[PDB]
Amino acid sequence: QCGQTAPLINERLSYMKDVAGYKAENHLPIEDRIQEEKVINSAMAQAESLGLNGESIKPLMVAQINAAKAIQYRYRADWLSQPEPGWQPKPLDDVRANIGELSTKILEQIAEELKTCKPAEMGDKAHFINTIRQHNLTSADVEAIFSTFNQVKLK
């Protein structure tokens, strides 16, 4: 509905421990440029169709990808000295399709929220902070998302 974008942003990040685990098992680097460019390109296409700038959307996407990598980097660090036996990563392709599906709802939701309800009723920083909550995610990570989110514009 309205104020529903931040919960979807948070759901996307809940998948990053699986991405990190899978990458860790297979000794894959966290940063995958071709995967990030695919993410950034589908978002731009989708944003274009929905009547969003387009250019205003890229920083939000980069903010989300950076948050997601920061989560992954800190799992890789922690697992060196504190492996998690019980953690069995889901297959990366499945997790990636769940992540893509969410990015897709995030953009739909941003367009809908922008086209209707007034950015006074749009989420404040304390709501963003309460909503976007993940182990290995810091306030600065959430803040870079919040600040980019508020600069998304229709066009």
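So that there is no doubt, residue numbering starts at 1 and follows the sequence shown.
For the higher mean C-alpha B factor in the entry, choose 60-68 or 86-94.
The stretch with the larger average C-alpha B-factor is 86-94.
Which is higher in the entry, the mean Cα B factor of 40-48 or that of 116-124?
According to the PDB entry, the answer is 116-124.
Among the modelled residues of its chain, does the C-alpha B-factor of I99 lie in the lowest, middle or highest third?
Its C-alpha B-factor belongs to the lowest third of this chain's values.
Among all modelled residues of this chain, ranked by Cα B factor, put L107 in the bottom, middle or top third, i.e. lowest, middle or highest.
CA B-factor rank for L107: middle third.
By the recorded C-alpha temperature factor, relative to the other modelled residues in its chain, which third is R133 in?
Within its chain, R133 is a highest-third residue by C-alpha B-factor, going by the deposited values.
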